[PDB]
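Same chain, two versions here, written out as structure tokens and called structure 1 and structure 2.
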Structure 1
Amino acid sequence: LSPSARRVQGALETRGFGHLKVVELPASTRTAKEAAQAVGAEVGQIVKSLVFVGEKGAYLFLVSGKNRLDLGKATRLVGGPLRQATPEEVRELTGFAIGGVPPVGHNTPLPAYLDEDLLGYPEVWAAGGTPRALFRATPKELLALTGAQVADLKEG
């Protein structure tokens, strides 16, 4: 596993979820669409870790591959103005580059929100730190791993 992918594996291990495995695939997983095709999953099963900057800090939004994050909803949930983090901010905050941003192992653990639609799948796939890394897990484990709060995040 490449460094960033290893960093994520390490985080899964340190959390007590060592049985979850990061895989650096022979096919791209840069976008939810590609990720789903790479593992034969439904796009909705892909977890997009989206980082947004607020006035007093950063926030992690775990969105289903089939939904579009509603900034209006996110803003209300946090209770303050929010904005999509620039590629640069993603790197400084999380330590990973967009297209590979994982839900764990960041430079600072960010308060998180989980797209309630992810609770509809028995298993989901999140990014493992690179545009080729992914690790499968149950929504429950993703919740335990991030301590995120379930929420209505989609524009739809």
Structure 2
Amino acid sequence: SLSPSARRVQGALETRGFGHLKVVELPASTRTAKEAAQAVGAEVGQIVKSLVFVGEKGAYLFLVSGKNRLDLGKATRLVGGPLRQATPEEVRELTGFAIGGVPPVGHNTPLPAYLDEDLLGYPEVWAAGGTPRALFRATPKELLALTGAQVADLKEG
């Protein structure tokens, strides 16, 4: 789409062979999963949140449903050690984008990725397109194909 970050994501999708997936631009004040979901007519649970955490051995990507919160105990047990959130600086360096709009593709560092199993419960999901104001729809199967994420039990419950 228009913004530089959004165009980078559209280009990564095209280069990947997934050019049929389109990055859509939303109202300028969109900043939450609820607002993004409202703009495209989706349930908040269909919004994919890409969270970056840092461990002792490296950084990790957690794709979480907009209706859930990441269970830190579950995250740390998956990685096998303690975790801390990536700083805005680290997220930009690692992913090439800013927190809040981290997309599932086009990163600077290959990060092991985990995908919230609840996202497999919808026919389609909406992932961040480079900024909090951009989104692109994809099926959960396509999301897995794009990221190579391991499906996992991630939510607080």
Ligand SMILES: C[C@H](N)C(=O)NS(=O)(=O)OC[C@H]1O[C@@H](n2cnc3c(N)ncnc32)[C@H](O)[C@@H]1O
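Think of the rigid core as the biggest set of C-alphas that the two forms share within 1.5 Å after superposition. Shifts are known only where both forms have a C-alpha. One-based numbering along structure 1's sequence throughout.
Chemist: Between the two chains shown, which is the form solved without this ligand?
Modeler: Comparing the pair, one sees that structure 2 is the form solved without this ligand and the remaining one is not.
Chemist: Superposed on the rigid core, does the Cα of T29 end up 2 angstroms or more away between structure 1 and structure 2?
Modeler: After core superposition, the displacement of the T29 C-alpha between structure 1 and structure 2 reaches the 2 Å mark, so yes.
Chemist: Please state the CA displacement of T108 between structure 1 and structure 2 in angstrom, with both forms fitted on the core.
Modeler: C-alpha shift for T108: 1.3 Å.
Chemist: Where the rigid core has been superposed, how far does the Cα of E42 end up moving between structure 1 and structure 2, given in Å?
Modeler: Reported C-alpha shift between structure 1 and structure 2: 0.2 Å at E42.
Chemist: Okay, core lined up, where does the chain shift between structure 1 and structure 2, counting runs of 3 or more residues with each Cα at least 2 Å away?
Modeler: Run found: 26 to 30, no others.
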